[PDB]
Every structure is written in structure tokens, then in C-alpha cells.
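What follows is one chain in C-alpha cells, specifically the form solved without adenosine (ADN).
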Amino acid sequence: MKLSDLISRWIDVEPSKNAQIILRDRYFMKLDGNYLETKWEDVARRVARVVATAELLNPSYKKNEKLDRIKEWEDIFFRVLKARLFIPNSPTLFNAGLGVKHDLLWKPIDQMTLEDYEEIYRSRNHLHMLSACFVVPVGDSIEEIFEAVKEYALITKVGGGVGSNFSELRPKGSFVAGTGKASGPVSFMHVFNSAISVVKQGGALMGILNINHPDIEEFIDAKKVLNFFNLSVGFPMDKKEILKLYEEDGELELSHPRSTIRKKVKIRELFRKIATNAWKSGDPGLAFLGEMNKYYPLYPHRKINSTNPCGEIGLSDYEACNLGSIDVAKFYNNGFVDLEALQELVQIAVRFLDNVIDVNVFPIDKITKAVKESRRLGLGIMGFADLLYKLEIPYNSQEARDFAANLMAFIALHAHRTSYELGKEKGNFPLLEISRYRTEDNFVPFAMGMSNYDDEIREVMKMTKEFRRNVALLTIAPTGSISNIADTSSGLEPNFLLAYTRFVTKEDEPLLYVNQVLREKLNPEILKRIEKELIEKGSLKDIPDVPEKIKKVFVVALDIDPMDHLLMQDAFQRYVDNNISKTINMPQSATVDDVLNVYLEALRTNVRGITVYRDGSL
């Protein structure tokens, strides 16, 4: 069906009362604390109008027509936004229009003149930061360490999540031209933690240390406060290499350019250390940085050393990335995903995300540059688990994973063809010429190998040798907050729970929530009886008197075994040029051996990183 007509079916559907609480708490703009916005329509309008003002910069538009052209983009943007088919990362919702006079952000589009958009463009203040994901380096000097703590605080203040690889820092007890002797990365990481603890935005930071750093063991056991850090162990070498060393029971030398300190450790003992900690507490994860550089169009002229906090974007030094997600559950139509409307939305969403770069303001000049030059986007999806329920497809099945790979491949195809086109109309990312899209033949920024679309995707990548707006376009984020605004499942995650009682504060209340798809499918009287047990058990699986087909379909996170989580992440990653946010849920009864087995399988699949969460551990 036409995107038009899907917009119609959603545009007058208001957010649930749950989404509305989140919105007034956090999203609706407010001196001294009065609401300038009271409906999601209000958010959609302000954001639509501000992202649309980037069309001022379009070299392919003549001065006459510019107002026409801009209003057209405002209205579609507004329509997909209000309908909740696509929502950008939170910072876009929070910060769009900051610094702009309130008479201009909600004004009827009727009364918008071309000098009103020009006024919007030039009044964006130092806080107009619309992107979620950042990486900064932490060089081996007191100067560079503390510039980086400053950078963390500046990024955080404006609503960014930031990560670093701390491996440049020489090991603890290393020689310093001082003085003393080097504190080592773990103890400097406390300064960064201490800083975010006082910069209150309203897991937060990613800190990575590489597997061959002499302080790695300390780093693995560091969270056992550091409470604001997610930690990952970095593998800048090739996955295959580490797999083989493991398989032969080999040893790894721990060493550092600027220390004499060296140790040999068995790779299995180190792995088991990691797995034991992650079994107990969820940290540290694994970051396969070598796998990310493998698919990075600019490597080695540039290099990915770290991810942002939730691990879904691998970023070079000072790079940033703005994200946004399509609710694929809204795309269900009579046993099929409606690809005609999904194609149009991918097109709109890539333009939306690329225009955000043009109206974004960063607090550090190096970040502004790093971004101008690459124009990395993070288009993803949410509502995927719910889409499966509608299609009657068990999440833990080869059917779901093949469908997942075809769906992502379709999106990757039309995302990169939109980038092709934007490069033609607006100009190429400055670094096209030195990227693998130019200097190579047959370069594809992801593994593929599970879809009919692979040839067409090869064709697209070849075409983008010539025209290409963006270094990379796709990610799957956690969507913790935008999936709640949109009333849908998060990211590619299964639903964690089908039913739970939530609580309204009123003024001076328990109100049962049931998954809406489940509500529409199960006999309402079967629902009434089983509800009690479903809430206590957290699952339908052991509930007598629930039909078997329902149940096979309506699995939640802990019904789905760890390998079936991991393989779903593999299926998506084959068609995503950045990385993926996936929690590998494990049952309380999983051992440290089971965790190691996940890591081992992880090395053989196409995943770019790993997070495990064992039920009841924390």
C-alpha cells in the first residue's frame, strides 16, 4: 500500500497513557517550568520543522521553490513522526529548536515564510545537540586524559552517550618521566566516572580495554563503582585468530608500547575470567573491533577503537552518530510486511537522518569536523518482536531469522540507494574518494549470505563508487525510550514480558498491561483466566489451557535460549554496516561454561560484539 494510506491509519492514533507520562516527564518542552508542548503532535511539529530547515542548504534547489520544497519535507517529516512509524533518537526529540524563538517552532505551516526558516537555521544555540552516540580518544598524557574528562562532561551535558578505548594508557606502575609511576587506565577511569556522576542528564558510558593490555585482568574485575560505565573487552585483532588461539589452548602476551611490563596468560583462563564476571554481573562484554574495521569503509586511513555506551555504533576518534528507528510492527498487512510502504519510509527516514547532521551543533570542533567528513547515519528498527507475533512466527526459529535477514537486507538496499541519490542531489560525503567504496571493487560493508537481495545490494554498493552521501547508514539500537513512545517492542529484542501490572500516580493505582497483539489474538476469556498465572510465571509456556500455536508464537526473552538470541543477532548483523544492540539473555540456571559457549559461538558467527545478561544475577 502507498505510505500515504498507512500514514492515514496511524496519524490520528494517540499515544497510550503510558507513553504520554514519559512524554510530559521528559520530552515536552518547558520558564519557570511551564509547558510549551502538551501533545506528541507538538513534539512532531517542532522536530519536523527543524529537520526540514536543513533543506535551506540544498544546492539542487533554486531560491524560488525553496519555501515550497522545505514545507513539503516538513509536512512528510511531521506525518511520519506524528503517526509514529519512525522516531529519531531522544536527543533529537529533546533538543531540536533550542535557542529558537517560541513563536516559530509551532506556528501553522501556512504562516511560515522563507525568512522564518532562515531565522530557525541561524538561531540554533550551543545546546542544539541532536545525536546520541560519540567516541573520543584518551591519549597517554595527563593533558590528553583530562581534556578527555572535560570532553565527556561537555558531551554528557548536551545529551550524548560517549565511549573510549583506554588501551593507550600505560599500565599501572609503569615508568613516568616524573616523579610516582603511572596510575594505569582503571584508576584514571574513576575520574571519568566521577565526572558523569555530577553531570546529570535529566549504563551511560562505554569503556573498552583491549585483550592484550597488561592491566586487562584488573579491568575485567573492575566492576565488583565505576557504576556509570559499561565495560567491554576489546579485540582489535581478527576474531578467527582469537578463536584458533583458544582452540589450541594457546597463550597471549600482554604488553604495551610505553611500558616494560609483560606477562603471558592462557587465552582460556582470561576468557573464563571474563565469563565468570559476566555470569555474576553482566560485565564486561566483548567488542570485536577488528571485525568492525573489516567492514569500515575508511580503514586503515581511519580506525574504530571504541563504540558508544550500548555498543551499536563503532566510531572513529571524535566521530558521532545520530540514530532513528522505524516501527516495523506498523507495517504488517494481511500476513505480509508491506514492502511498498516500507521502501518509501526508508527513503524518507534516511533523508531525515541526514538533514539532522546539518542542524546539529556539537560542543567540540573536532566532532563537528569528524561528522561533516563521514556523515555516518544509524537507521534501525523497533517493533520487530511484535511484527513476528502478528505474522505468527516464533522468534526462536530459523523461520524468524531468515525473515529477519530478508527484512534487514531489503532495508539496507533501499537505505544505501537513498544515500546514492542524496550524494547526487546534495553532494558526496567528503571522504568518499579515500574510502573502500572508491578504492575497491566489490566492497560491501556487511557479511550478507542470508537473502535473495544480495546481488542487488552488490549492485548498489558498486553504484555508490560514484555517488554516496554517507559512510554507513544502519544500526539496531535498544530504543529503550522511543519504543515506549511508539507503543511497540524494543529494537530487535523479544518482548521481555507479555503482561505486567504498572502504576499510575493519581493524585491522591494498579493497571494491568497486556501485550496488544496478544490481546487481539487470544480468546478474551482464555485471557481472563490465565492472566494471574502469566504475571506470576512471566511466561505462557507452563500454563495449562493455552493453545499450543499461541505460546509457540508468543515467546518472551527467557523462553528463547541463548543460542537463539545470538543467532538472531547474527541474522541482522549480516545486513547492517554499523553494529547491533542485543542482550543475550540467559536463564538463572546457566553456568559459566554456558556463557563461554556463547562467546565461542559468537566468534564463529558474524556478530561484532557481545552482551550477556543472566537472569537474577544482579
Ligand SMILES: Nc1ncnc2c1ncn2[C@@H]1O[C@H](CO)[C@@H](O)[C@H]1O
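Don't overthink the numbering: it's just position in the shown sequence, from 1.
The same protein also has a form deposited with adenosine (ADN) bound, omitted here; what follows describes it.
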| Hey, in the entry with it bound, is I357 touching adenosine (ADN), heavy atoms inside 4.5 Å? | no
| query | Is there a non-hydrogen atom of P309 within 4.5 angstroms of a non-hydrogen atom of adenosine (ADN) in the entry with it bound? | reply | yes
| task | May I ask you to check whether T583 falls inside a 4.5 Å heavy atom distance of adenosine (ADN) in the entry with it bound? | result | yes
| request: Give a yes/no on whether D215 approaches adenosine (ADN) to within 4.5 Å in the entry with it bound, heavy atoms considered. | output: no
| message | Counting any heavy atom within 4.5 Å as contact, can you tell me which stretch out of 230-238, 335-343, 265-273, 459-467 lines adenosine (ADN) in the entry with it bound? | response | 230-238
| field | Sole residue of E319, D283, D327, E291 within 4.5 Å of adenosine (ADN) in the entry with it bound, by heavy atom | value | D283
| said: I need to confirm a contact call. Of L81, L432, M206, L387, which residue comes within 4.5 Å of adenosine (ADN) in the entry with it bound, counting heavy atoms only? | reply: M206
| query | Taking adenosine (ADN) in the entry with it bound, which residues of 601-618 have any heavy atom within 4.5 Å of it? | reply | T611
